[PDB]
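Here's the structure, in structure tokens; my notes come after.
Worth knowing before you read on, the calculation uses all heavy atoms, side chains too, and leaves out hydrogens, waters and symmetry mates. When a ligand or atom number is given, it counts from 1 through the structure's own listing order. Convention: sequence-line order gives letters A, B, ...; per-chain numbering from 1.
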Amino acid sequence: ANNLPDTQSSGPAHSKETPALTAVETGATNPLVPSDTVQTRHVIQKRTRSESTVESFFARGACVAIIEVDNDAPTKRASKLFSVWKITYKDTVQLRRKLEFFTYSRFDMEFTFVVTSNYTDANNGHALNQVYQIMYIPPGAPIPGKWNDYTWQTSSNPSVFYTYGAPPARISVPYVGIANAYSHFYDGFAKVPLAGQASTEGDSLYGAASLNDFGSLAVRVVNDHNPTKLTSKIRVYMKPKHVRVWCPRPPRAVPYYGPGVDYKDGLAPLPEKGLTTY
Amino acid sequence: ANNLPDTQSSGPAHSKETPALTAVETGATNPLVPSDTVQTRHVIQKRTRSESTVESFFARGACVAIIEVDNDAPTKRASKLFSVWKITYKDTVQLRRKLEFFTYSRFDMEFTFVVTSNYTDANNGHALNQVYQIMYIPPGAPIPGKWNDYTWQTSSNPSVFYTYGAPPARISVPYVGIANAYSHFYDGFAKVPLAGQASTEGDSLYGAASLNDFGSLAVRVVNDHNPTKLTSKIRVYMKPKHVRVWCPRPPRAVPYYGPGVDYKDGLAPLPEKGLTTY
Amino acid sequence: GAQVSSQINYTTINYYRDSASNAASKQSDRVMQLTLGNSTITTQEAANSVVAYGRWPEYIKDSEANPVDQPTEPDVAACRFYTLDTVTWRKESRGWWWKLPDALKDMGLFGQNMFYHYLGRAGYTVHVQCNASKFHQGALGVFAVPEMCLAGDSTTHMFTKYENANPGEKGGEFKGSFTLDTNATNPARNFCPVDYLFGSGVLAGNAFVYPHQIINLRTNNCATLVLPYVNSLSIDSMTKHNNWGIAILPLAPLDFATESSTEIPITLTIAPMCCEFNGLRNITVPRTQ
Amino acid sequence: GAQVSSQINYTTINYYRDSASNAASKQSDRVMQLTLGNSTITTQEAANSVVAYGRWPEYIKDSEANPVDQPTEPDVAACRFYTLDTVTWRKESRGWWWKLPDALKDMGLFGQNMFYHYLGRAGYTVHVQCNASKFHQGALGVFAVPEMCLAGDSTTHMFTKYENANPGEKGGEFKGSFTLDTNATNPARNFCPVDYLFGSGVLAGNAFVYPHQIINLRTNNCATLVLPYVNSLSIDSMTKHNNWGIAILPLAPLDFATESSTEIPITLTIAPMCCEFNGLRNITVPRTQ
Amino acid sequence: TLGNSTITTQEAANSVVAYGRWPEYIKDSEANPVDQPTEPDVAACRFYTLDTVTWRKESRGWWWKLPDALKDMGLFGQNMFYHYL
Amino acid sequence: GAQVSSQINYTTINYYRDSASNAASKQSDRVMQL
Amino acid sequence: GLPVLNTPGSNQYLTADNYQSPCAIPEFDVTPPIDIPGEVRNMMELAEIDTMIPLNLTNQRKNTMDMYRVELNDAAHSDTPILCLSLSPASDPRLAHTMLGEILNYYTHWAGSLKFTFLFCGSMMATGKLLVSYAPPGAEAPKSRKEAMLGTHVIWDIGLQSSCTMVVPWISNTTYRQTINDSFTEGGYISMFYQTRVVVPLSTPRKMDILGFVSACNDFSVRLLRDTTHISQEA
Amino acid sequence: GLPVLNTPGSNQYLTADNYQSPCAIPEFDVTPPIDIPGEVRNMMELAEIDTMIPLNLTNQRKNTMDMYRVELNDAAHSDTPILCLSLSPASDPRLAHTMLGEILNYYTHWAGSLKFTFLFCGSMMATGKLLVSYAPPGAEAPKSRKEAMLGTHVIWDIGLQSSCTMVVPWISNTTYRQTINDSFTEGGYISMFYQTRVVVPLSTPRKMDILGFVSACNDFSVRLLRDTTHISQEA
Amino acid sequence: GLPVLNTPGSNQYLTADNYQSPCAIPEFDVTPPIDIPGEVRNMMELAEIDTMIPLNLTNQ
Ligand SMILES: O=C(O)c1ccc(NS(=O)(=O)c2ccc(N3C(=O)c4ccccc4C3=O)cc2)cc1
Ligand SMILES: O=C(O)c1ccc(NS(=O)(=O)c2ccc(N3C(=O)c4ccccc4C3=O)cc2)cc1
Ligand SMILES: CCCCCCCCCCCCC/C=C/[C@H](O)[C@H](N)CO
Ligand SMILES: CCCCCCCCCCCCC/C=C/[C@H](O)[C@H](N)CO
């Protein structure tokens with residue numbers, strides 16, 4: 001967020017110093033300023049880079065998931081009375097691309113849950129205000145098997161009970177990585193296959209570290225069902241905070257295809273433009 | 001907001017100084033006080049101009065837009081599930097006229113959103129409380145094409161989620177002009193047509209600077225549709241704050257006609273009044 | 001931290017990082033000689049001179065310089081009095097208007113510098129000259145209008161074309177009434193500036209809020225307006241943007257004790273001042289006709 | 001307690017024990033000789049050397065040591081230049097890639113230590129050698145990519161098998177276009193790294209954000225990249241995880257004034273640096289073929 | 001570097017300052033005309049590139065005159081033609 | 001009154017008379033005769 | 001948390017409120033201001049500028065430049081008024097649409113002295129004396145110079161200085177007047193008469209024009225901001 | 001409890017807000033950071049890195065490595081441009097997808113000087129002089145060296161130093177330019193021409209390539225974060 | 001009263017939250033503690049105690 005250097009007055013030049021000429025082969029960028037190649041006036045620079053700090057770049061809540069749940073009679077096998085969403089930023093694209101400008105990152109994370117609901121039909125009465133349970137299931141904790149099984153006691157899991165109509169729920173977590181930074185890219189495997197092991201052993205997905213690195217969110221409607229079916233969507237908004245990032249990378253240029261770096265479609269991003277056309 | 005000068009006692013005058021006589025040809029206003037032309041008593045003046053400061057003059061939220069959106073089945077092609085309003089103070093007249101008392105202005109801006117909703121029919125059930133998304137789309141950011149396309153992830157755009165029934169939403173922005181002040185009037189063009197260019201090139205609207213100077217607001221109902229159609233209006237109230245203004249102008253005298261200074265109707269504002277009629 | 005302010009006090013605390021989040025805090029004069037470059041103006045019947053907004057023209061300070069390339073300052077080659085084509089004040093005249101820098105675009109080296117550069121800045125000394133006899137009567141209001149936008153002639157908004165909006169030294173004339181251009185095949189796309197609406201939908205009587213002088217034929221025969229550069233930017237494109245407009249309106253009609261219609265000339269002599277140009281390249285050749 | 005900060009100030013108070021609850025606070029160079037262990041490299045046409053991110057390789061500091069067992073530091077036995085198999089740059093070549101430490105897994109005592117230990121750490125000195133004549137032309141971009149993940153060849157995500165992801169010293173080659181592997185019975189499960197997508201769906205033109213050099217045949221015949229250990233951990237498993245990728249892309253095609261297709265060799269010579277190993281046990285024998 | 005123009009060269013043979021005298025403005029002690037002069041500076045004191053000529057085996061040589069050669073060169077030419085001196 | 005504690009600090013104030021209302025504060029050997 | 005009690009007015013939106021709100025664009029690098037000429041800090045500064053009075057709102061003159069011109073001639077002396085208007089700067093149609101009147105129409109209350117200037121636009125060879133009068137209200141409006149000269153007045157001699165200013169002093173029972181037509185806060189009557197007459201020699205126009213201007217004195221102030229009736233919008 | 005009054009904006013969720021929220025995992029033992037190489041603290045740091053310009057977006061070259069190569073040859077001298085582009089670093093297709101352009105497409109406003117570097121990838125035996133020009137906008141775009149040499153320009157001598165940098169100085173009426181195609185904040189024209197010509201001896205390739213790179217100078221800044229058009233998602 | 005603005009998370013119930021709440025039994029005379037042997041202050045203290053490993057989990 002630092003200010004910018006002033007432009008210094010620069011007059012005619014006639015000398016053996018040639019800042020214009022360089023050698024990009026060295027791998028360095030020629031740090032020229034306008035006064036190196038043209039005559040410049042004195043300008044007291046007042047612009048700053050306050051809004052391009054990494055913190056400012058990521059200081060936005062981005063939607064990373066839309067978790068759909070129902071409030072309906074359990075006999076209705078079509079309805080889904082609870083939903084489990086594995087935590088990740090890779091279900092949407094925008095925040096993913098912003099994060100993947102970099103190879104490593106540390107940040108606290110602010111989760112904000114925006115809950116919307118609606119009737120599905122109009123001939124089965126009405127509903128009282130719903131309460132939603134959002135339980136964090138860290139890896140290894142038992143995953144709910146039913147909307148009302150014992151796991152929802154949440155004696156040790158953190159849970160947020162959100163009352164419909166209240167302002168979106170919000171919680172914060174610190175940096176919870178087991179490494180010293182989050183790895184946006186992992187060039188490796190969880191397993192190394194060993195010679196003599198059958199083809200079904202030692203095989204792991206390329207670039208995946210843990211089968212379950214950050215656990216899940218289990219969402220249900222706590223209320224018992226009304227005579228009419230209600231559908232709800234919980235939109236999850238992530239905001240990195242206190243961000244640090246390492247090893248910048250070129251941003252994604254073609255559409256994402258899965259959680260890896262794979263690509264299948266849209267491999268022609270650049271449009272056509274004449275070489276000598278302005 | 002300064003106090004006013006006291007009136008000083010002034011007695012009979014018989015001298016060669018003639019403050020009453022002047023010459024308006026010079027372009028200056030004769031700064032006479034009552035004591036210059038009549039006998040006056042001493043008056044300790046207590047009135048002040050606190051309420052005619054430019055800040056006090058503009059320290060009011062004015063409605064600048066009424067954005068109508070619907071919550072209805074997407075198959076109903078008549079319903080409008082999202083709306084994009086280009087940001088401007090020229091859709092209404094009152095704030096526009098007040099601002100156009102002056103040629104240039106700098107101000108922070110407070111936006112307050114007053115959201116109202118209603119049923120459209122009575123034979124399709126009821127609705128749960130709606131949540132509205134108001135996303136600022138700065139110029140160049142992708143405009144939503146559908147009420148539920150990717151753009152609503154709002155990873156970098158600022159968005160306000162407003163819950164129906166909550167007090168009107170409110171946000172603030174600083175002075176965001178790319179110039180050193182907002183220009184209420186621009187006597188020029190975005191393009192200069194060049195000799196030899198076809199008639200279809202170099203043509204731009206008179207007085208317009210940018211095709212999209214401040215971007216838009218995209219408004220939707222986040223909820224999935226209920227069995228009955230709901231209509232909502234988001235009224236946008238602007239309040240300039242920390243106002244500075246330059247180069248006063250005569251106020252608009254005839255009805256506005258478009259975003260320029262053009263006029264078509266109501267060109268006879270003055271009524272009839274006898275020259276010698278009090 | 002906490003600000004205690006008189007109203008018996010009240011306490012204000014800012015809870016947000018950004019200042020925009022903060023709540024609103026409510027707390028003889030007849031004889032003159034002008035010399036610029038190689039040009040000189042004398043007058044024996046002036047009414048003093050008006051410096052618009054009390055601000056003399058000045059060059060861009062380093063604290064406000066936006067472009068970084070070394071500017072060009074032709075000085076006397078451009079900062080000199082150019083005399084525009086003379087117009088004829090008659091009994092029926094409704095008024096005249098010009099735009100600056102547009103009116104001077106063909107004026108020697110000022111015009112050359114204007115068209116060779118992306119960016120240009122200049123104040124002006126405008127000298128309106130209108131002499132008559134002690135037996136004539138009439139009054140001209142001379143107004144310098146920042147950002148003098150004028151109303152168009154069609155139902156289409158903001159439709160006046162560049163060529164008509166920049167007539168050059170000839171300028172344009174105010175009209176006595178609004179005539180709508182109905183030729184849809186070949187629209188004129190021209191201004192229709194009505195005099196009593198001051199050509200922009202505002203009562204002409206209020207135009208005196210603008211920097212102005214009055215040439216009252218019984219009193220003076222010239223008006224001098226010194227205009228600083230006025231814009232929302234330190235420097236701008238002179239071809240795209242006219243910083244100033246000059247409006248001349250007959251406040252009192254010309255009259256002279258003769259049956260035949262008398263006519264007297266009005267001559268505008270304008271000197272750019274503190275000219276500054278940036279962004280040199282090949283010359284801009286605007287489309288005309 | 002209460003923090004008063006400039007924006008005219010604003011007050012911030014933390015109401016929660018945990019810091020995560022806190023709101024976001026917005027406040028000649030051509031001639032070189034390199035010696036490592038018993039190996040030496042001379043060059044007369046270098047373009048200086050690039051130390052990736054300006055960080056020289058270093059051993060793990062006590063303040064950052066995760067494993068507690070005494071590490072092994074073979075030093076000269078492993079921190080020495082190993083020369084990989086030479087590849088042939090032709091007119092049609094699209095580029096080559098290697099992974100580190102994978103490329104060095106069969107390189108003497110470095111490879112032995114790598115496979116005998118659970119944990120390994122090393123920086124590198126990569127020296128790309130490509131000489132031609134003053135009548136040749138062409139340019140190679142040499143990029144050191146941390147966590148150089150490459151795109152697969154199938155509809156199944158992240159499906160490249162360990163054997164193909166770790167080719168060893170031979171490395172792999174970038175392709176000119178994406179070919180989808182449709183053999184469902186016996187999938188290749190191989191990378192399909194497209195050159196202009198830099199093999200990972202990012203435009204190759206932007207790969208210069210990575211530590212890099214260019215071998216421009218008219219200017220230099222070698223590139224030297226000094227890579228520190230880069231990872232989200234002080235030390236990691238070398239068999240599971242490749243810390244670095246080396247990519248070589250022909251930025252300008254090889255050309256030589258002959259009808260016959262010219263070919264010149266490119267040789268990679270890589271020295272591990274500050275090698276550190278932990279967790280000794282029986283040797284890991286990775287599955288191959 | 002002059003004005004907005006820059007020339008680089010890697011195979012020069014040093015530069016020759018004719019008669020060892022750098023160009024200079026007219027000193028007050030040698031000023032003949034009394035009117036305030038114009039000094040466009042960067043608008044005119046900049047590198048203009050003339051039409052390229054072709055050296056062949058048979059070429060006998062080329063000549064130009066100054067300021068004549070620059071008479072159509074932008075603002076230098078304009079100033080040249082707008083002024084007596 | 002107000003307690004300022006390290007986490008860069010945070011402020012805690014007890015609004016209730018009873019302590020229960022307070023938030024949780026996270027701060028040879030072989031031979032013997034008997 | 002901290003015990004709180006929501007009071008009346010909670011959750012309302014008062015368009016005149018002055019509260020803090022979160023910034024939707026944090027850490028924005030605001031463009032610094034430049035010293036633009038002509039900065040205005042109080043709307044009264046605008047009211048203090050003389051602007052021409054549409055004094056002559058007859059059927060054929062209103063909504064034309066002619067409405068700004070009052071015709072004098074060299075006829076024999078008479079006591080009949082040249083022009084008459086009421087001191088209702090916000091509601092009198094001849095004052096409402098001046099800059100002063102336009103500013104007043106955004107406020108409910110006004111107080112202070114006004115300043116009427118008249119510019120004689122006849123020939124230099126024309127001479128005359130006029131009388132410009134202000135009669136505070138409560139009596140019959142002056143319909144001849146005999147009544148008008150009993151009130152405040154200035155006798156204007158038309159000479160080298162072609163303009164004359166009459167200050168309408170603040171004379172009011174109430175500390176403020178309303179910006180509407182209302183008898184309780186009526187302001188009085190302004191009139192102009194021939195003192196001697198206009199005299200011209202031969203070969204000179206016998207009819208000339210005077211122009212009227214009005215502005216506010218330095219003691220002038222307004223209060224109770226309000227919406228004007230001078231601008232309207234249609235669906 | 002304490003009397004409070006809820007103001008407008010209460011209960012809203014502004015995605016750009018900066019408020020405190022309760023920690024869902026209290027007393028967590030956070031893993032301390034290590035000194036990873038290559039930390040980045042400002043996105044402008046990324047924009048200041050030279051990245052190759054896809055200068056040649058013809059039908060057969062776009063979306064291939066060839067789009068990065070501009071072909072020069074040793075033909076006779078001509079004044080016709082070698083390459084032409086507009087100074088629209090965020091919207092010009094040749095600049096939009098560079099690292100600079102990618103960063104700009106997350107922001108609405110940009111200002112500062114740009115830096116174009118060109119690398120000659122011919123043989124050592126090839127010689128030549130080129131002219132790289134920037135014409136600030138408002139005139140006809142340079143279509144020959146005669147017009148281009150009137151603007152800012154650098155004459156590049158191809159020799160031992162095979163790269164040349166031209167700084168496009170910040171020359172703008174507005175203090176910032178928009179990151180979209182918009183005539184009001186247009187940036188100007190960048191062009192390349194043969195100064196003399198490329199000359200090669202016998203037994204040398206007569207056609208070679210130059211590569212273009214662009215980066216931001218130290219005076220460069222951006223503002224008004226926004227979502228890019230460069231990434232999209234489908235249901 | 002004092003102007004306030006409710007933020008996201010208001011009215012939620014986070015089971016891990018640490019807030020104050022009113023005492024339902026004010027002025028209760030709490031029984032003082034005694035020095036019971038074997039106080040534990042960290043669960044790791046329990047993990048540091050050797051416990052027997054069911055090493056032989058065969059069918060029988
Ligand atoms: O309305 C918007 O904000 C919103 C609208 C569209 C959008 N992009 S999308 O491509 O249409 C899209 C649409 C849905 C999902 N999505 C699911 O379908 C889902 C199921 C379960 C868990 C998580 C998710 C999840 O992310 C992801 C992306 C994102 C957000
Ligand atoms: O109720 C009132 O407060 C309100 C009522 C009337 C009113 N004036 S109006 O002339 O009737 C008028 C009526 C509608 C709109 N208007 C639209 O129709 C619209 C559509 C989309 C975006 C913005 C707008 C917008 O301003 C503008 C003016 C303003 C506000
Ligand atoms: C209701 C409480 C829920 C709390 C959830 C805490 C989980 C925090 C997850 C943060 C997400 C970090 C981003 C992911 C990092 C990289 O992808 C991984 N290192 C690789 O998978
Ligand atoms: C939800 C967040 C929305 C934030 C919207 C920020 C935009 C701010 C717009 C302020 C309006 C300024 C008034 C317009 C000025 C002049 O008309 C322009 N200079 C000319 O078009």
Counting heavy atoms only, which of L14(I), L99(A), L217(A) is nearest atom 1 (C) of ligand 3?
-> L217(A)

Going by distance alone, is a donor N or O of one side chain under 3.5 Å from an acceptor N or O of the other, for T15(H) and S159(B)?
-> no

Looking only at distance, does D91(B) have an N or O less than 3.5 Å from an N or O of ligand 2?
-> no

Less than 4.0 Å between atom 13 (C) of ligand 2 and some protein heavy atom, yes or no?
-> no

Tell me, which protein residue and heavy-atom name are nearest atom 8 (C) of ligand 3, and how many Å apart are they?
-> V176(A) CG2, 3.9 Å

Which atoms from ligand 4 have a heavy atom of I171(B) less than 4.0 Å away?
-> 2 (C)

Indicate whether any N or O donor in one side chain lies under 3.5 Å from an N or O acceptor in the other, for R249(B) and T103(B).
-> yes

Compute whether any side-chain donor of one residue and acceptor of the other, for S21(D) and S21(H), lie under 3.5 angstrom apart.
-> no

How does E68(B) reach ligand 2, by side chain, by backbone, by both or by neither, if only non-hydrogen atoms under 4.0 Å count?
-> neither

Which protein heavy atom lies closest to atom 3 (O) of ligand 2, and at what distance to 0.1 Å?
-> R235(B) NE, 3.5 Å

Hey, are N18(I) and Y16(D) close enough side-chain-wise for a donor-acceptor pair under 3.5 Å?
-> no

Is there a donor-acceptor contact under 3.5 Å linking the side chains of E100(B) and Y256(B)?
-> yes

Heteroatom proximity flag, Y182(B) to ligand 4, N/O under 3.5 Å = no

How are the rings of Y182(A) and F107(A) set to each other: parallel, tilted or perpendicular (split at 30° and 60°)?
-> tilted

Please check if a non-hydrogen protein atom sits closer than 4.0 Å to atom 30 (C) of ligand 2.
-> yes

Nearest non-hydrogen protein atom to atom 4 (C) of ligand 3, with distance, is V173(A) CG1, 3.6 Å

How far is atom 20 (C) of ligand 2 from its nearest protein heavy atom, and which residue and atom is that?
-> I66(B) O, 3.3 Å

Does the protein place any heavy atom closer than 4.0 Å to atom 24 (C) of ligand 2?
-> yes

Applying a 4.0 Å heavy-atom criterion (strictly less than), which segment of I134(A) is in contact with ligand 3: side chain, backbone, both, or neither?
-> neither

Heavy-atom neighbours of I34(H) CD1 exceed 12 at 6.0 Å | yes

Run down the list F28(H), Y136(A), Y89(A) and name the one with the heavy atom closest to atom 17 (O) of ligand 3.
-> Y89(A)

Measure from the ring center of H184(A) to the ring center of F102(A) and say whether it is less than 6.0 Å.
-> no

Aromatic ring pairing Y162(A)/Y132(A), orientation class (parallel under 30°, perpendicular over 60°, tilted between) = tilted

Indicate whether any N or O donor in one side chain lies under 3.5 Å from an N or O acceptor in the other, for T179(H) and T108(H).
-> no

NZ/NE/NH1/NH2 to OD/OE distance under 4.0 Å, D17(H) and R60(A) | no

Ligand 3 to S183(A), heavy atom cutoff 4.0 Å, flagged ligand atoms 16 (C), 17 (O), 18 (C), 19 (N), 20 (C)

Output yes when a side-chain donor or acceptor of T92(B) lies under 3.5 Å from a complementary backbone atom of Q94(B), and no otherwise.
-> no

Can you pull out the closest protein heavy atom to atom 15 (C) of ligand 3? Residue, atom name and distance to 0.1 Å, please.
-> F214(A) CE1, 3.5 Å

In terms of residue, atom name and distance, what is the protein heavy atom nearest to atom 8 (N) of ligand 2?
-> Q233(G) OE1, 3.9 Å

What protein heavy atom is closest to atom 21 (O) of ligand 3, reported as residue, atom name and distance in Å?
-> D213(A) OD2, 2.9 Å

Sub-4.0 Å heavy-atom contact, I87(A) with ligand 3 = yes

Looking only at protein heavy atoms, which one is nearest to atom 26 (O) of ligand 2, and how far off is it?
-> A65(B) CA, 3.4 Å

